[PDB]
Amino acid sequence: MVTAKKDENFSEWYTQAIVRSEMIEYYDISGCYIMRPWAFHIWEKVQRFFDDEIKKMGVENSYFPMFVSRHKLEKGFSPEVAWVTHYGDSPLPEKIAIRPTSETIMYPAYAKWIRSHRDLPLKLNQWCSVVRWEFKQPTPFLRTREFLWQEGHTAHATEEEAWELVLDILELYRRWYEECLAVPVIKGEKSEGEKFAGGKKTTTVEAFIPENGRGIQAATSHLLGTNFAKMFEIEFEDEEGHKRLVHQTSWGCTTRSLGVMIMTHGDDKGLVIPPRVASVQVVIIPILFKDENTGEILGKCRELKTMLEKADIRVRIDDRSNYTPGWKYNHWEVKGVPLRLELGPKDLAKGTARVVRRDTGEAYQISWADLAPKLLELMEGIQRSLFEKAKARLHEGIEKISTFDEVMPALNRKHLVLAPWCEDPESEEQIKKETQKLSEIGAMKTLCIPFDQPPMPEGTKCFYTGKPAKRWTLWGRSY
């Protein structure tokens, strides 16, 4: 059972939620954690969703090696690279790196495979793990030294096509968070300071954690332009016979998405799992005490299960004899199962079951015949309700502002700011260092420049420099 309160010590709440729900087991190698089945089933759901969707785009899965040779890799990231130096007691002739990301592993093959327009677009993805020796404080799911992800890497004849894929993938990430995990996200573009330096333009979806006021990057999708094509000699011949550079994209999203879901929907009793990604949508609990009707309770439970499955409802009967009914309520609650159905002798006689929804704790008396459609209705309710409350909290957490003098107070309130900005280079660093300084007495950075821009009245000035502002940019402390 969870005892830390979400609104008091947040980090201790998160730790308790993930351990006691049996999502995570701690591990002796710092920054790495065991994903137990209750968390893994969720990853399988979002994984199957994203994967199905990219397959409709013609993206194919592959698998490239987890090792890259020193010299290929080495053609502020260097301190993060894990190096294999020995096999048994023998030193490798040359040390070898574990993949922090796969550009240096995939792009030489791309140069080889692409010869003409007939070879494009090339669209590949892989699901795998990557290793980065993160210097920031690690946190399960959100920042780990080994994490699971997919990375997609595509190559196109033209920028327009490449860019169209960038946005398509970004929309899939919106759907992963918003439609599967009921977590709202803001699409936007990274500032010049925050974008992937290997690319032309980096797009993102950004989420927000109210309890610590932290913005967090949810996924990423890069228009790479042609710089990688120039670096790796990825060229093709047009249908006219000339040699052209390819236009590339890459995109990735990780098990971080699970941590974001946990933090968003969790409460003081622990986990709350959105029905769309819950492996157990409805747990059925037989109420057994003093031998009253034991066999008839269990029988109708099996009957209800079969009925609910016809409607594609994912149902588990917890008929384990070595646990009390009250232990079961607690167990499945801390685990965040969206609906609990209880069946004792009193309920049995009536042709009804008592059903409790995990998000609000509301109980329903429902007749056996109304079950399938009532539960489907409740599950859409839960899913939509989880999302809309999270959305309202996201919007309560963002403050529209005009001047730097408004910044520090908004941060103390654990909010982000949407502020007009000239998008100058020195600016962001200045702002980072200064909010850094005022906080110590930490830093605030740009999260993104939202795609959805409020109007910009003529003559409005950059909130920091005083110069003419360009667009509204979202800022805050972040992960």
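Take the two forms, find the largest set of C-alpha atoms that superpose within 1.5 Å, and that set is the rigid core. A residue's number is simply how far along the shown sequence it sits, counting from 1.
Stretch departing more from the displayed form, 259-267 or 311-319, Cα RMS in 7 other deposited structures of this protein (core fit):
It is 311-319 that deviates more in 7 other deposited structures of this protein.
Compare 82-90 with 227-235 and report which one shows the larger root mean square C-alpha deviation from this form in 7 other deposited structures of this protein once the rigid core is superposed.
Between the two stretches, 82-90 moves farther in 7 other deposited structures of this protein.
Across other compared entries, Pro373 missing in at least a third:
In none of the comparable entries (those modelling both sides of it) is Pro373 left without coordinates.
Establish whether the other compared PDB entries of this protein leave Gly198 unmodelled at least a third of the time.
It is not, since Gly198 is included in all of the other entries that model both flanking stretches.
What number of deposited residues lacks coordinates in the span between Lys75 and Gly76: none, 1 to 3, 4 to 9, or 10 or more?
The entry has a gap there, with 4 to 9 residues left out between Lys75 and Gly76.
Count up the deposited residues without coordinates from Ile29 to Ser30 and drop the result into none, 1 to 3, 4 to 9, or 10 or more.
None; the chain is continuous from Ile29 to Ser30.
Per the entry, where is the mean C-alpha temperature factor higher: 334-342 or 398-406?
Higher of the two, by average CA B-factor, is 398-406.
Can you let me know which of the two, 291-299 or 193-201, has the higher average C-alpha B-factor in the entry?
Higher mean C-alpha B-factor: 291-299.
Among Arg132, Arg358, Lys389, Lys243, where is the Cα temperature factor highest, going by the PDB entry?
Across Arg132, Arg358, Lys389, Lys243, the entry lists the biggest C-alpha B-factor for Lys243.
Sorting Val68, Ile449, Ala443, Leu416 by Cα temperature factor from the record, which one lands on top?
Going by the entry's C-alpha B-factors, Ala443 comes out highest.
Compared with the other modelled residues in the chain, in which third is the CA B-factor of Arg175?
Within its chain, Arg175 is a lowest-third residue by C-alpha B-factor, going by the deposited values.
If you rank every modelled residue in this chain by C-alpha B factor, which third holds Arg393: lowest, middle or highest?
Middle third by C-alpha B-factor.
Would you mind checking where the Cα B-factor of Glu12 ranks among the modelled residues of its chain, as the lowest, middle or highest third?
According to the entry, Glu12 has a C-alpha B-factor in the chain's middle third.
Where does the C-alpha B-factor of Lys230 rank in its chain, lowest, middle or highest third?
Its C-alpha B-factor, which the entry lists for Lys230, ranks in the highest third among residues of this chain.
Can you tell me which third, lowest, middle or highest, the CA B-factor of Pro184 falls into for its chain?
Lowest third.
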